[PDB]
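> Let me give you the structure first, and then I'll get to my questions.
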Ligand SMILES: [Zn+2]
């Protein structure tokens, strides 16, 4: 049937319906910290989320998305390796069934409990749909999550998960400030890649933060109570919704720090 993260429709099967899965700039990848090249020309990231307007949270069957109003430059990302302004449209996570796995990118083969993806699109293209068709259409900020101390700013998201347990369910989710999900440092690694789930389009400039944020065991546990299935269907826990590392091939990972 359609793609998923199960044994018969998982990542290893995606290439049949989405040939680009075996493309030249697929994500995620393993970040070899010793092979990454420090680029002194990379500017600091500029995150302007003070005017962010969250609208809704939704379970789309692959993860849960927190959506924002992207009709104006309210929450934008600029600087770094980017040219122009990128508007935040949504953020979601990828996590595992155990604390030892869950992230998509890895650092020197190290896996984290989860990975947060803040998706932004290049305003020069007018809308998200047009942006995904361009090589510089999206900018995704990736943040690693490690299990330890609780993250206060994530609790509001955790508490509403019960209302969107199954696929297709959505709930009003206003006044959420994404700034509460950022680590102290904005040092990063960057490389040209793709969306990590179908359609797997190669339209992403990845910006992966070096510093992970910590969340508590209890917070991640609640992520694991979501369902891939829709209401009224056999229960399948939403866990391990991550794609394994792909070949770096003809690409170089640059670091903003040395
Ligand atoms: Zn993602």
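> Which ones in segment 193-212 are closer than 20 Å to residue 47 by Cα and either more than 16 Å from the ligand (Cβ to nearest atom) or part of a loop (DSSP other than H, G, I, E, B) (or both)?
Answer for segment 193-212, where residues must be closer than 20 Å to residue 47 by Cα and either more than 16 Å from the ligand (Cβ to nearest atom) or part of a loop (DSSP other than H, G, I, E, B) (or both): 210, 211, 212.
This table checks each residue for (1) surrounded by 18 or more Cβ atoms within 10 Å (Cβ to Cβ); (2) more than 15 Å from the chain's Cα centre (by Cα).
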residue	(1), (2)
173	yes, yes
204	yes, no
209	yes, no
216	no, yes
220	yes, yes
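> Moving to a separate point now. How many residues are part of a loop (DSSP other than H, G, I, E, B) and free of Cβ contacts under 8 Å to residues at least 24 places away in the same chain if we restrict to segment 1-33?
8
To keep it simple, each residue is scored yes or no on (1) surrounded by 18 or more Cβ atoms within 10 Å (Cβ to Cβ); (2) within 24 Å of residue 163 (Cα to Cα); (3) out of contact with any helix residue (DSSP H, G or I) (no Cβ under 6 Å at 6 or more places or on another chain).
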| position | (1), (2), (3) |
| --- | --- |
| 72 | no, no, yes |
| 76 | yes, no, yes |
| 104 | yes, no, yes |
| 137 | yes, no, no |
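> So which residues in segment 222-238 are in contact with a helix residue (DSSP H, G or I) (Cβ under 8 Å, 6 or more places away or on another chain), surrounded by fewer than 21 Cβ atoms within 10 Å (Cβ to Cβ) and assigned to a loop (DSSP other than H, G, I, E, B)?
225
When we count neighbours, we look across all protein chains shown, and the Cβ atoms used for this are built from the backbone with ideal geometry, even at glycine. Each reported figure results from applying straightforward, stated rules to the coordinates on display, with no laboratory input.
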